[PDB]
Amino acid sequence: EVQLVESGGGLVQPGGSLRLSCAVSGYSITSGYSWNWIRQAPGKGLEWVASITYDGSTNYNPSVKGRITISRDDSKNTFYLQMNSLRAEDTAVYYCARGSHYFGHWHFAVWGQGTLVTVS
């Protein structure tokens, strides 16, 4: 069974930069599916942040384009969210999720427990 675990949260300073990591086990992130980062500000809505397909195609939300970067590591079966110039508007819980494919459209069938990012 596919399992996903976020790491890299903590108390962080504004304007700095942080790397979140999603450690996937039980399925290979180059064998299929889309790999997403979705965040949730406290008691607010879910926001889709960025994705990478198994074949390497990347997609971003315009709300974070430029200051956020998504990469993977075939060797470590992990993928990463690089965030620069952190703002208060970035404080949230970041979930990583495995998207399942429906005729060119993706839905988020598997998530992980979440990691918290807080910006003073």
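The numbering used is simple: start at 1 and walk along the sequence shown.
- Legend: mean Cα B-factor per stretch from the PDB entry, 13 to 21 versus 101 to 109; the higher mean is in 13 to 21.
- Note on 47 to 55 vs 86 to 94: mean CA B-factor is higher in 86 to 94.
- Highest C-alpha temperature factor among 61, 75, 71, 28 per the entry: 61.
- In the PDB entry, a CA B factor belonging to the lowest third of its chain's modelled residues is recorded for residue 2.
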